[PDB]
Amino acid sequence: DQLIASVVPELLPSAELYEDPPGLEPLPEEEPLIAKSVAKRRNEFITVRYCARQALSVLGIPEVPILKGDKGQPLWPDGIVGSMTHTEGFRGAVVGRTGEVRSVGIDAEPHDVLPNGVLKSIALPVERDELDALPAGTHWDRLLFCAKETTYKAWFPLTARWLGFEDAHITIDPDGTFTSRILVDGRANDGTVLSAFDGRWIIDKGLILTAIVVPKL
């Protein structure tokens, strides 16, 4: 039933909530990150971290703040990788151990057409042709944008570098999989080279969820 659980391996616990339940709070160390934020932002931040802490508890990790790094990236405990996402109708998190996976990224979007002008900004010309050839009945433009955001989220923890929308070519398969081919230097922080990712996608509850797990070497 859960969207994230449907697109990541069993080894990576996940948790998701479709509403902001009443009474949640950030941990004291997290409060400065949203002290001057509007209610919508405070709620997505608090609810997604409740989900992340639930998934971390399944790995045996007790309650811990999840702060943000210089490029907005969540800062996980030592030996943990993870990803978080929030959109209207969805808050979710997924975590894993570094001995079991290299990286994970997820992104949730509403299953709707992209806003005017966004596809032109994010898609390579060949991607635009590819999407037009896919079967009718799915918002392929929104799925491409979702998959590209998941691509940067899986990439950043391994490279500490920017990955623009024009820096990767995503190919969507109607069967619930996609591939991301990196078009820039793929040197990773540990000296390895990243060239391509394998992704999974699902559409349910009016939402698109994309996920990439970069597997153990």
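Sequential numbering from 1, following the sequence displayed.
Q: Taking the mean of the C-alpha B-factors per stretch from the entry, tell me the winner out of 183-191 and 146-154.
A: The recorded data point to 183-191.
Q: Looking at the C-alpha B-factor values in the deposited entry, which of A133, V113, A108, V94 comes out highest?
A: So the option with the highest C-alpha B-factor is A133.
Q: Would you please rank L163 by its C-alpha temperature factor against the other modelled residues of its chain and give the third it falls in: lowest, middle or highest?
A: It falls in the middle third of the chain.
Q: Just say lowest, middle or highest third for the CA B-factor of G82 relative to the other modelled residues in its chain.
A: Ranked within chain, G82 CA B lands in the lowest tercile.
Q: Where does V214 sit by CA temperature factor within its chain: lowest, middle or highest third?
A: Middle third by C-alpha B-factor.
Q: Split into thirds by Cα B-factor across the chain's modelled residues, where does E100 land: lowest, middle or highest?
A: Its C-alpha B-factor, which the entry lists for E100, ranks in the highest third among residues of this chain.
Q: Please say which third, lowest, middle or highest, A15 falls into when its CA temperature factor is compared across its chain.
A: Tercile = lowest for this residue's CA B-factor.
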